[PDB]
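Any read-out appearing in this document is the output of simple, stated calculations on the displayed coordinates, not a laboratory observation. Positions of Cβ are generated from backbone atoms using ideal geometry, with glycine treated the same way; all protein chains shown enter the neighbour counts.
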Amino acid sequence: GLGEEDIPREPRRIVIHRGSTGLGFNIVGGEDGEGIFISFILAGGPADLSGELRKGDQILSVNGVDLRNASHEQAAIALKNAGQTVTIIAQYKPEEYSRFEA
């Protein structure tokens, strides 16, 4: 069925050190079964300088807090409260991201 043939990418661990405005990305999703996806990387911000996160990554967890079925507000709160050194588990899911961004 739909999604069964998506290419699975291995989840990755990305450690981000918070900067003056945050972690340097934005998120969409957290509603209607859509997970939390990175939609924006701020130029020069922590996520950018790390070089690892990208648009279309789903954030699976933040500091071990599961965000697979979290609301958008829950995800934003988790990111706000994650401290100075933030451990993100992300999985690049371009097929899904594309289906949800249409």
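What to note about this one:
- Residues that are surrounded by 15 or more Cβ atoms within 10 Å (Cβ to Cβ) and either under 12 Å from the mean Cα position of the chain (by Cα) or part of a helix (DSSP H, G or I) (or both), drawn from segment 75-85: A75, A76, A78, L79
- Count of segment 8-53 residues which are surrounded by 14 or more Cβ atoms within 10 Å (Cβ to Cβ), out of contact with any strand residue (DSSP E or B) (no Cβ under 6 Å at 6 or more places or on another chain) and assigned to a loop (DSSP other than H, G, I, E, B): 6
- Odd one out for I59 among (1) over 21 Å from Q84 (Cβ atoms); (2) part of a strand (DSSP E or B): (1)
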